[PDB]
>>> print(open('input-v6.cif').read())   # mmCIF, C-alpha atoms
data_query
#
loop_
_atom_site.group_PDB
_atom_site.id
_atom_site.type_symbol
_atom_site.label_atom_id
_atom_site.label_comp_id
_atom_site.auth_asym_id
_atom_site.auth_seq_id
_atom_site.Cartn_x
_atom_site.Cartn_y
_atom_site.Cartn_z
ATOM 1 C CA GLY J 1 20.592 -29.804 1.886
ATOM 2 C CA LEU J 2 17.284 -29.672 3.650
ATOM 3 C CA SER J 3 18.790 -30.029 7.089
ATOM 4 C CA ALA J 4 20.573 -26.663 6.441
ATOM 5 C CA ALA J 5 17.272 -24.867 5.566
ATOM 6 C CA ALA J 6 17.154 -22.964 8.883
ATOM 7 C CA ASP J 7 20.542 -21.436 8.069
ATOM 8 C CA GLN J 8 19.259 -19.537 4.966
ATOM 9 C CA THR J 9 18.447 -15.841 5.429
ATOM 10 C CA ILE J 10 14.759 -14.782 4.794
ATOM 11 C CA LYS J 11 14.938 -11.575 2.584
ATOM 12 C CA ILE J 12 11.891 -9.382 3.122
ATOM 13 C CA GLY J 13 11.207 -6.750 0.517
ATOM 14 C CA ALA J 14 9.855 -3.240 1.161
ATOM 15 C CA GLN J 15 8.489 -0.911 -1.445
ATOM 16 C CA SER J 16 9.701 2.755 -1.310
ATOM 17 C CA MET J 17 6.877 3.692 1.176
ATOM 18 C CA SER J 18 7.157 4.319 5.002
ATOM 19 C CA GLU J 19 4.250 1.838 5.372
ATOM 20 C CA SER J 20 6.130 -0.960 3.596
ATOM 21 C CA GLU J 21 9.296 -0.357 5.634
ATOM 22 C CA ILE J 22 7.288 -0.490 8.918
ATOM 23 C CA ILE J 23 5.474 -3.712 7.982
ATOM 24 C CA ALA J 24 8.620 -5.411 6.582
ATOM 25 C CA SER J 25 10.476 -4.573 9.866
ATOM 26 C CA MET J 26 7.465 -5.771 11.978
ATOM 27 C CA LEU J 27 7.253 -9.135 10.107
ATOM 28 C CA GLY J 28 11.129 -9.619 10.298
ATOM 29 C CA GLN J 29 11.107 -8.986 14.064
ATOM 30 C CA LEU J 30 8.081 -11.392 14.462
ATOM 31 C CA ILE J 31 9.904 -14.159 12.557
ATOM 32 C CA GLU J 32 13.074 -13.688 14.743
ATOM 33 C CA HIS J 33 10.819 -13.637 17.913
ATOM 34 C CA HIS J 34 9.462 -17.130 16.962
ATOM 35 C CA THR J 35 12.359 -18.881 15.255
ATOM 36 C CA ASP J 36 16.050 -19.309 14.698
ATOM 37 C CA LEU J 37 15.824 -17.775 11.190
ATOM 38 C CA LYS J 38 17.848 -14.725 10.250
ATOM 39 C CA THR J 39 15.975 -12.033 8.251
ATOM 40 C CA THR J 40 17.077 -9.014 6.231
ATOM 41 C CA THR J 41 15.227 -6.098 4.647
ATOM 42 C CA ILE J 42 15.517 -5.444 0.846
ATOM 43 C CA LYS J 43 14.397 -1.784 0.703
ATOM 44 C CA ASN J 44 13.461 0.746 -1.984
ATOM 45 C CA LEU J 45 11.734 -1.615 -4.451
ATOM 46 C CA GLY J 46 10.110 0.980 -6.644
ATOM 47 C CA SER J 47 6.662 -0.420 -7.280
ATOM 48 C CA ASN J 48 4.289 -3.317 -7.416
ATOM 49 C CA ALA J 49 5.926 -4.418 -10.658
ATOM 50 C CA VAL J 50 9.447 -4.440 -9.067
ATOM 51 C CA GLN J 51 8.167 -6.454 -6.078
ATOM 52 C CA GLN J 52 6.723 -8.985 -8.475
ATOM 53 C CA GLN J 53 9.917 -9.427 -10.402
ATOM 54 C CA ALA J 54 11.936 -9.709 -7.146
ATOM 55 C CA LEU J 55 9.643 -12.504 -6.020
ATOM 56 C CA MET J 56 10.095 -14.380 -9.243
ATOM 57 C CA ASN J 57 13.903 -13.954 -9.554
ATOM 58 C CA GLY J 58 14.840 -14.786 -5.865
ATOM 59 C CA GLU J 59 15.770 -11.219 -4.827
ATOM 60 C CA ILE J 60 13.192 -11.371 -2.030
ATOM 61 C CA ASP J 61 11.626 -14.368 -0.217
ATOM 62 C CA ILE J 62 8.645 -12.364 1.073
ATOM 63 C CA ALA J 63 6.943 -9.208 -0.297
ATOM 64 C CA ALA J 64 5.871 -7.491 3.027
ATOM 65 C CA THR J 65 3.171 -5.250 1.447
ATOM 66 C CA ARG J 66 1.287 -5.808 -1.731
ATOM 67 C CA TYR J 67 -2.167 -4.376 -2.502
ATOM 68 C CA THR J 68 -5.057 -6.233 -4.269
ATOM 69 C CA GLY J 69 -6.181 -3.658 -6.750
ATOM 70 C CA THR J 70 -2.625 -2.759 -7.734
ATOM 71 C CA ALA J 71 -1.841 -6.435 -8.372
ATOM 72 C CA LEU J 72 -5.173 -7.055 -10.133
ATOM 73 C CA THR J 73 -4.869 -4.228 -12.658
ATOM 74 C CA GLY J 74 -1.077 -4.127 -12.923
ATOM 75 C CA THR J 75 0.458 -7.626 -12.528
ATOM 76 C CA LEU J 76 -2.574 -9.730 -13.590
ATOM 77 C CA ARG J 77 -3.730 -7.178 -16.257
ATOM 78 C CA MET J 78 -7.369 -7.857 -15.274
ATOM 79 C CA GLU J 79 -10.265 -5.426 -15.113
ATOM 80 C CA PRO J 80 -10.543 -3.882 -11.621
ATOM 81 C CA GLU J 81 -13.027 -5.962 -9.481
ATOM 82 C CA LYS J 82 -14.693 -3.408 -7.127
ATOM 83 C CA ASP J 83 -15.754 -5.663 -4.207
ATOM 84 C CA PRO J 84 -13.020 -6.141 -1.525
ATOM 85 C CA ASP J 85 -13.799 -9.755 -0.830
ATOM 86 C CA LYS J 86 -14.088 -10.758 -4.493
ATOM 87 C CA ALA J 87 -10.986 -8.829 -5.467
ATOM 88 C CA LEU J 88 -8.932 -10.546 -2.668
ATOM 89 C CA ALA J 89 -10.186 -13.980 -3.572
ATOM 90 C CA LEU J 90 -9.465 -13.469 -7.402
ATOM 91 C CA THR J 91 -6.006 -12.105 -6.620
ATOM 92 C CA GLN J 92 -5.187 -15.065 -4.363
ATOM 93 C CA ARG J 93 -6.379 -17.686 -6.913
ATOM 94 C CA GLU J 94 -4.622 -16.017 -9.845
ATOM 95 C CA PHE J 95 -1.378 -15.549 -7.877
ATOM 96 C CA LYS J 96 -1.288 -19.234 -6.976
ATOM 97 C CA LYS J 97 -2.304 -20.375 -10.506
ATOM 98 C CA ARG J 98 0.085 -18.192 -12.434
ATOM 99 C CA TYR J 99 3.132 -17.821 -10.174
ATOM 100 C CA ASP J 100 2.863 -20.413 -7.351
ATOM 101 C CA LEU J 101 2.766 -17.342 -5.032
ATOM 102 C CA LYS J 102 0.719 -17.342 -1.811
ATOM 103 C CA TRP J 103 -1.128 -14.008 -1.326
ATOM 104 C CA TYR J 104 -2.171 -14.071 2.261
ATOM 105 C CA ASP J 105 -5.342 -12.648 3.758
ATOM 106 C CA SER J 106 -5.012 -8.953 4.582
ATOM 107 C CA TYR J 107 -3.261 -7.416 7.581
ATOM 108 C CA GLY J 108 -6.590 -5.500 8.137
ATOM 109 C CA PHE J 109 -6.133 -2.222 6.283
ATOM 110 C CA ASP J 110 -6.565 -0.922 2.756
ATOM 111 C CA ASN J 111 -4.398 1.816 1.394
ATOM 112 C CA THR J 112 -6.170 3.480 -1.512
ATOM 113 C CA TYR J 113 -5.261 6.247 -3.876
ATOM 114 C CA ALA J 114 -7.478 9.157 -2.857
ATOM 115 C CA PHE J 115 -7.965 12.560 -4.462
ATOM 116 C CA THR J 116 -7.164 14.997 -1.655
ATOM 117 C CA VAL J 117 -7.563 18.785 -1.217
ATOM 118 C CA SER J 118 -7.098 21.189 1.691
ATOM 119 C CA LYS J 119 -10.032 21.688 4.069
ATOM 120 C CA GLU J 120 -9.943 25.364 3.011
ATOM 121 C CA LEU J 121 -10.437 24.577 -0.659
ATOM 122 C CA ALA J 122 -13.124 21.954 0.064
ATOM 123 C CA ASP J 123 -15.033 24.450 2.311
ATOM 124 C CA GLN J 124 -14.712 27.301 -0.163
ATOM 125 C CA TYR J 125 -15.979 25.333 -3.179
ATOM 126 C CA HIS J 126 -18.185 22.751 -1.426
ATOM 127 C CA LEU J 127 -16.100 19.835 -2.588
ATOM 128 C CA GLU J 128 -17.113 16.428 -1.323
ATOM 129 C CA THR J 129 -16.570 14.004 -4.255
ATOM 130 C CA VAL J 130 -14.305 13.640 -7.206
ATOM 131 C CA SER J 131 -17.210 14.455 -9.488
ATOM 132 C CA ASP J 132 -17.497 17.808 -7.645
ATOM 133 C CA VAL J 133 -14.122 18.824 -9.077
ATOM 134 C CA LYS J 134 -14.976 18.126 -12.787
ATOM 135 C CA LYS J 135 -15.944 21.727 -13.558
ATOM 136 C CA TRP J 136 -12.778 23.034 -11.888
ATOM 137 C CA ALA J 137 -10.289 20.543 -13.237
ATOM 138 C CA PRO J 138 -8.661 22.876 -15.840
ATOM 139 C CA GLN J 139 -7.862 25.316 -13.000
ATOM 140 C CA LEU J 140 -6.272 22.693 -10.800
ATOM 141 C CA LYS J 141 -2.641 21.532 -10.449
ATOM 142 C CA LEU J 142 -2.525 17.784 -9.478
ATOM 143 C CA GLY J 143 0.403 16.377 -7.477
ATOM 144 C CA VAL J 144 0.789 12.679 -8.063
ATOM 145 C CA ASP J 145 3.360 9.891 -7.394
ATOM 146 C CA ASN J 146 5.958 8.989 -10.088
ATOM 147 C CA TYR J 147 4.121 5.903 -11.296
ATOM 148 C CA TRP J 148 0.380 6.271 -11.626
ATOM 149 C CA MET J 149 0.314 8.633 -14.595
ATOM 150 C CA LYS J 150 1.992 5.892 -16.629
ATOM 151 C CA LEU J 151 -0.113 3.014 -15.677
ATOM 152 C CA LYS J 152 -2.061 1.407 -18.611
ATOM 153 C CA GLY J 153 -4.713 -0.087 -16.310
ATOM 154 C CA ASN J 154 -6.630 2.142 -13.965
ATOM 155 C CA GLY J 155 -4.141 4.971 -14.124
ATOM 156 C CA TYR J 156 -4.557 8.585 -15.290
ATOM 157 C CA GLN J 157 -5.523 7.644 -18.772
ATOM 158 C CA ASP J 158 -8.527 5.536 -17.626
ATOM 159 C CA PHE J 159 -9.380 8.089 -14.899
ATOM 160 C CA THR J 160 -9.873 10.820 -17.541
ATOM 161 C CA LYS J 161 -12.091 8.468 -19.458
ATOM 162 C CA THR J 162 -14.207 7.546 -16.444
ATOM 163 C CA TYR J 163 -14.640 10.952 -14.830
ATOM 164 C CA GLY J 164 -14.401 12.974 -18.068
ATOM 165 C CA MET J 165 -11.871 15.481 -16.708
ATOM 166 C CA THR J 166 -8.328 16.455 -17.369
ATOM 167 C CA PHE J 167 -6.315 18.452 -14.795
ATOM 168 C CA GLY J 168 -4.821 21.826 -15.875
ATOM 169 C CA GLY J 169 -1.448 20.516 -14.787
ATOM 170 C CA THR J 170 0.059 17.272 -13.497
ATOM 171 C CA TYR J 171 3.218 17.103 -11.383
ATOM 172 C CA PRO J 172 4.811 13.689 -10.533
ATOM 173 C CA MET J 173 6.906 13.595 -7.361
ATOM 174 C CA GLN J 174 7.886 11.116 -4.636
ATOM 175 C CA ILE J 175 4.618 10.246 -2.872
ATOM 176 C CA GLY J 176 5.915 11.462 0.518
ATOM 177 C CA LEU J 177 6.072 15.001 -0.892
ATOM 178 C CA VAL J 178 2.418 15.403 -1.906
ATOM 179 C CA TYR J 179 1.186 16.104 1.687
ATOM 180 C CA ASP J 180 3.177 19.318 2.187
ATOM 181 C CA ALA J 181 2.648 20.179 -1.534
ATOM 182 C CA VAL J 182 -1.167 20.436 -1.100
ATOM 183 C CA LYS J 183 -0.941 21.819 2.477
ATOM 184 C CA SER J 184 1.397 24.665 1.420
ATOM 185 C CA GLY J 185 -0.746 25.565 -1.615
ATOM 186 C CA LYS J 186 1.794 24.525 -4.243
ATOM 187 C CA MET J 187 -0.627 21.917 -5.650
ATOM 188 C CA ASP J 188 -4.428 22.300 -5.557
ATOM 189 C CA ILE J 189 -5.253 18.581 -5.403
ATOM 190 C CA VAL J 190 -3.063 15.488 -4.925
ATOM 191 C CA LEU J 191 -3.497 11.697 -5.418
ATOM 192 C CA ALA J 192 -2.676 10.781 -1.813
ATOM 193 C CA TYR J 193 -2.516 7.374 -0.155
ATOM 194 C CA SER J 194 -5.244 6.916 2.404
ATOM 195 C CA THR J 195 -3.133 5.365 5.128
ATOM 196 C CA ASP J 196 -0.717 8.325 5.293
ATOM 197 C CA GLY J 197 -0.526 9.788 8.770
ATOM 198 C CA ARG J 198 -0.423 13.359 7.406
ATOM 199 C CA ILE J 199 -3.982 13.312 6.038
ATOM 200 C CA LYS J 200 -5.442 13.462 9.574
ATOM 201 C CA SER J 201 -2.530 15.540 11.014
ATOM 202 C CA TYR J 202 -2.664 18.206 8.288
ATOM 203 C CA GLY J 203 -6.563 18.021 8.283
ATOM 204 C CA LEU J 204 -6.695 17.388 4.493
ATOM 205 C CA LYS J 205 -9.972 16.316 2.917
ATOM 206 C CA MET J 206 -10.124 13.122 0.893
ATOM 207 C CA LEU J 207 -12.838 13.383 -1.844
ATOM 208 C CA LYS J 208 -15.245 10.442 -2.169
ATOM 209 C CA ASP J 209 -14.616 8.340 -5.321
ATOM 210 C CA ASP J 210 -18.284 8.588 -6.195
ATOM 211 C CA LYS J 211 -17.962 6.615 -9.477
ATOM 212 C CA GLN J 212 -15.993 3.815 -7.678
ATOM 213 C CA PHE J 213 -13.275 4.212 -10.272
ATOM 214 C CA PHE J 214 -10.717 2.708 -7.911
ATOM 215 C CA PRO J 215 -10.636 -0.963 -6.923
ATOM 216 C CA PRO J 216 -9.959 -2.004 -3.321
ATOM 217 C CA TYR J 217 -6.317 -1.886 -2.072
ATOM 218 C CA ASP J 218 -6.280 -4.330 0.801
ATOM 219 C CA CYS J 219 -2.705 -4.973 1.971
ATOM 220 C CA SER J 220 -1.245 -8.512 2.356
ATOM 221 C CA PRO J 221 2.130 -10.242 2.523
ATOM 222 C CA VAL J 222 3.017 -12.479 -0.514
ATOM 223 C CA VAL J 223 5.398 -15.461 -0.390
ATOM 224 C CA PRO J 224 6.520 -18.151 -2.879
ATOM 225 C CA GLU J 225 5.010 -21.492 -2.041
ATOM 226 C CA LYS J 226 8.550 -22.960 -2.312
ATOM 227 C CA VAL J 227 9.704 -20.731 0.541
ATOM 228 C CA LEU J 228 6.779 -21.813 2.724
ATOM 229 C CA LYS J 229 7.471 -25.610 2.029
ATOM 230 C CA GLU J 230 11.179 -25.221 2.829
ATOM 231 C CA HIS J 231 10.452 -23.204 6.004
ATOM 232 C CA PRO J 232 7.367 -24.802 7.331
ATOM 233 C CA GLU J 233 7.292 -22.579 10.427
ATOM 234 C CA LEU J 234 6.750 -19.376 8.372
ATOM 235 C CA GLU J 235 3.045 -19.863 7.638
ATOM 236 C CA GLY J 236 2.017 -19.993 11.355
ATOM 237 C CA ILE J 237 4.129 -16.871 12.042
ATOM 238 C CA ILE J 238 2.718 -14.780 9.154
ATOM 239 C CA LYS J 239 -0.765 -15.768 10.303
ATOM 240 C CA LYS J 240 -0.192 -13.920 13.654
ATOM 241 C CA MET J 241 -0.254 -10.538 11.839
ATOM 242 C CA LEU J 242 -3.327 -11.127 9.681
ATOM 243 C CA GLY J 243 -6.474 -9.177 10.358
ATOM 244 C CA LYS J 244 -4.690 -7.357 13.291
ATOM 245 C CA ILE J 245 -3.807 -3.907 11.905
ATOM 246 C CA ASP J 246 -6.660 -1.630 10.997
ATOM 247 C CA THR J 247 -6.535 1.557 8.918
ATOM 248 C CA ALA J 248 -6.439 3.823 11.932
ATOM 249 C CA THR J 249 -3.533 1.873 13.387
ATOM 250 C CA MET J 250 -1.618 1.907 10.136
ATOM 251 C CA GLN J 251 -2.135 5.706 9.880
ATOM 252 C CA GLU J 252 -0.694 6.186 13.437
ATOM 253 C CA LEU J 253 2.344 4.033 12.596
ATOM 254 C CA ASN J 254 2.999 5.910 9.329
ATOM 255 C CA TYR J 255 2.666 9.194 11.262
ATOM 256 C CA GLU J 256 5.322 7.990 13.779
ATOM 257 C CA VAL J 257 7.773 7.648 10.829
ATOM 258 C CA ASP J 258 6.869 10.616 8.649
ATOM 259 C CA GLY J 259 5.663 13.074 11.315
ATOM 260 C CA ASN J 260 7.654 12.023 14.451
ATOM 261 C CA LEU J 261 10.751 11.087 12.346
ATOM 262 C CA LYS J 262 11.217 7.682 13.963
ATOM 263 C CA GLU J 263 13.025 4.825 12.147
ATOM 264 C CA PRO J 264 10.555 2.295 10.730
ATOM 265 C CA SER J 265 12.307 -0.425 12.746
ATOM 266 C CA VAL J 266 11.754 1.454 16.012
ATOM 267 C CA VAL J 267 8.127 2.176 15.178
ATOM 268 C CA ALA J 268 7.607 -1.559 14.461
ATOM 269 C CA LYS J 269 9.407 -2.635 17.598
ATOM 270 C CA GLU J 270 7.375 -0.215 19.826
ATOM 271 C CA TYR J 271 4.159 -1.509 18.279
ATOM 272 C CA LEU J 272 5.104 -5.188 18.813
ATOM 273 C CA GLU J 273 6.012 -4.361 22.443
ATOM 274 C CA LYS J 274 2.766 -2.502 23.062
ATOM 275 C CA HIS J 275 0.759 -5.489 21.717
ATOM 276 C CA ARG J 276 2.953 -8.240 23.154
ATOM 277 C CA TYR J 277 3.917 -9.596 19.715
ATOM 278 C CA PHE J 278 0.141 -10.378 19.057
ATOM 279 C CA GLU J 279 -0.344 -12.901 21.869
ATOM 280 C CA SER J 280 -1.069 -12.006 25.453
#
>>> encode(input="input-v6.cif", output="structure tokens")
Amino acid sequence: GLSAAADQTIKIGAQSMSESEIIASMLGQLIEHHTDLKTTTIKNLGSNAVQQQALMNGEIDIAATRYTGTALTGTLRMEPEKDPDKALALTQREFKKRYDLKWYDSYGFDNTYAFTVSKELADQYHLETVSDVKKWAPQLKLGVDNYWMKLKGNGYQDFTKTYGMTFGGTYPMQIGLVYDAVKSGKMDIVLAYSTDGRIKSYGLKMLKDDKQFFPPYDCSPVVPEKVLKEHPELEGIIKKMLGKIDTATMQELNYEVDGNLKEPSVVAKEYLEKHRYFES
């Protein structure tokens, strides 16, 4: 019954990324700071598509981190809108229309796929943009996550159509591994994620996507409207995180996990303490 609503646990899902574990912990700890609700973390969801199915089948009550261009090309099966604002606004309307899901405004950061080389290779061959690598592509080994080569929309297939290049070799691996793979010289180029802490720490060079092949990847929490109606306090709490975490911040938090080997929960707790749980 409704009067027992506050006794239900709020299950917050995390994709298999350090970023998504940090944000899901941060949002869980903010909810518990403000309310009597219990929360749990539902970790290792493999991909955007898994998070979507978990929202629709009750596995998770909140997706902590979803990304506009991933949702636009992959869930919605729409062509990639290139403007951040327009892509957010389309994703929010289509998520509400199709699924009764509320896609919030962004936390403040975008986490894009980004073709990434060592500083040494970039310096040697004057590489600044992805188009710069077209003449070298047959001599390059690309390290990539275990999903993007297979994607029908805006994945490797469409990339080779847009840029007109095919890499000598492609090597799918857990995303976390690509940073040391390119830094150690095992891969020549990697499809990194821009918010990873190791891009700055390892001094890697992200190549400009000169053709704007990629859509924006602004990061937001997503919640079923039914969950918000039943727990009317959740909207005001989620709002406290929106627009508060910029790219530089998110990179520092990811570095604390992947570089400083802290637990995502501890990294999230230290950050909430530092910033007084977003109200001073």
>>> closest_residue(input="input-v6.cif", among="J:89, J:268, J:22, J:237", to="residue J:35", atoms="all atoms listed in the file")
J:237
>>> atom_distance(input="input-v6.cif", atom1="atom CA of residue J:211", atom2="atom CA of residue J:82")
10.8 Å
>>> closest_residue(input="input-v6.cif", among="J:177, J:88, J:130, J:261", to="residue J:207", atoms="only C-alpha atoms")
J:130
>>> closest_residue(input="input-v6.cif", among="J:84, J:224, J:168, J:264", to="residue J:96", atoms="only C-alpha atoms")
J:224
>>> resolve_selection(input="input-v6.cif", expression="the PyMOL selection byres ((chain J and resi 136) around 10)", output="CSV table (one decimal) with C-alpha atoms, in the frame of the given file")
chain,number,residue,atom,x,y,z
J,125,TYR,CA,-16.0,25.3,-3.2
J,131,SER,CA,-17.2,14.5,-9.5
J,132,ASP,CA,-17.5,17.8,-7.6
J,133,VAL,CA,-14.1,18.8,-9.1
J,134,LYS,CA,-15.0,18.1,-12.8
J,135,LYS,CA,-15.9,21.7,-13.6
J,137,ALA,CA,-10.3,20.5,-13.2
J,138,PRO,CA,-8.7,22.9,-15.8
J,139,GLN,CA,-7.9,25.3,-13.0
J,140,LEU,CA,-6.3,22.7,-10.8
J,165,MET,CA,-11.9,15.5,-16.7
J,166,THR,CA,-8.3,16.5,-17.4
J,167,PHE,CA,-6.3,18.5,-14.8
J,168,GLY,CA,-4.8,21.8,-15.9
>>> residues_around(input="input-v6.cif", residues="residue J:202", least_positions_apart="6", cutoff="9 Å", atoms="all atoms listed in the file", output="compact mmCIF listing (two decimals) with C-alpha atoms, in the frame of the given file")
# COMPACT_ATOMS: atom_id res chain seq x y z
CA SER J 118 -7.10 21.19 1.69
CA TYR J 179 1.19 16.10 1.69
CA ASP J 180 3.18 19.32 2.19
CA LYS J 183 -0.94 21.82 2.48
>>> build_atoms(input="input-v6.cif", residues="stretch 4-27 of chain J", atoms="N, CA and C atoms", output="CSV table (one decimal), keeping the file's coordinate frame")
chain,number,residue,atom,x,y,z
J,4,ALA,N,19.9,-28.0,6.3
J,4,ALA,CA,20.6,-26.7,6.4
J,4,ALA,C,19.6,-25.5,6.1
J,5,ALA,N,18.3,-25.9,5.9
J,5,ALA,CA,17.3,-24.9,5.6
J,5,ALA,C,17.2,-23.7,6.5
J,6,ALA,N,17.3,-23.9,7.8
J,6,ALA,CA,17.2,-23.0,8.9
J,6,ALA,C,18.3,-22.0,9.0
J,7,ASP,N,19.4,-22.3,8.2
J,7,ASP,CA,20.5,-21.4,8.1
J,7,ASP,C,20.5,-20.4,6.9
J,8,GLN,N,19.4,-20.4,6.1
J,8,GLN,CA,19.3,-19.5,5.0
J,8,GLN,C,18.7,-18.2,5.5
J,9,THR,N,19.1,-17.1,5.0
J,9,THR,CA,18.4,-15.8,5.4
J,9,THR,C,17.1,-15.6,4.7
J,10,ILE,N,16.1,-15.1,5.4
J,10,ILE,CA,14.8,-14.8,4.8
J,10,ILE,C,14.8,-13.3,4.4
J,11,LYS,N,14.8,-13.0,3.1
J,11,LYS,CA,14.9,-11.6,2.6
J,11,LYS,C,13.5,-11.0,2.4
J,12,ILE,N,13.3,-9.9,3.1
J,12,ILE,CA,11.9,-9.4,3.1
J,12,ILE,C,11.9,-8.1,2.4
J,13,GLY,N,11.1,-8.0,1.3
J,13,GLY,CA,11.2,-6.8,0.5
J,13,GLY,C,10.2,-5.7,1.0
J,14,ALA,N,10.6,-4.4,0.8
J,14,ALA,CA,9.9,-3.2,1.2
J,14,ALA,C,9.8,-2.4,-0.1
J,15,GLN,N,8.7,-2.0,-0.5
J,15,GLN,CA,8.5,-0.9,-1.4
J,15,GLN,C,9.0,0.5,-0.9
J,16,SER,N,9.4,1.4,-1.7
J,16,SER,CA,9.7,2.8,-1.3
J,16,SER,C,8.5,3.5,-0.8
J,17,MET,N,7.9,3.1,0.4
J,17,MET,CA,6.9,3.7,1.2
J,17,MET,C,7.2,3.5,2.7
J,18,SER,N,7.0,4.5,3.5
J,18,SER,CA,7.2,4.3,5.0
J,18,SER,C,6.4,3.1,5.5
J,19,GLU,N,5.2,2.9,5.0
J,19,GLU,CA,4.2,1.8,5.4
J,19,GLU,C,4.9,0.5,5.2
J,20,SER,N,5.6,0.3,4.0
J,20,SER,CA,6.1,-1.0,3.6
J,20,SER,C,7.4,-1.2,4.4
J,21,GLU,N,8.1,-0.2,4.7
J,21,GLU,CA,9.3,-0.4,5.6
J,21,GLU,C,8.9,-0.8,7.0
J,22,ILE,N,7.8,-0.1,7.6
J,22,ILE,CA,7.3,-0.5,8.9
J,22,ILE,C,6.8,-2.0,9.0
J,23,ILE,N,6.0,-2.3,8.0
J,23,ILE,CA,5.5,-3.7,8.0
J,23,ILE,C,6.6,-4.7,7.7
J,24,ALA,N,7.5,-4.4,6.8
J,24,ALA,CA,8.6,-5.4,6.6
J,24,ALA,C,9.5,-5.6,7.9
J,25,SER,N,9.7,-4.5,8.6
J,25,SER,CA,10.5,-4.6,9.9
J,25,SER,C,9.7,-5.4,10.9
J,26,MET,N,8.4,-5.1,11.0
J,26,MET,CA,7.5,-5.8,12.0
J,26,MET,C,7.5,-7.3,11.7
J,27,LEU,N,7.3,-7.7,10.5
J,27,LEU,CA,7.3,-9.1,10.1
J,27,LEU,C,8.6,-9.8,10.4
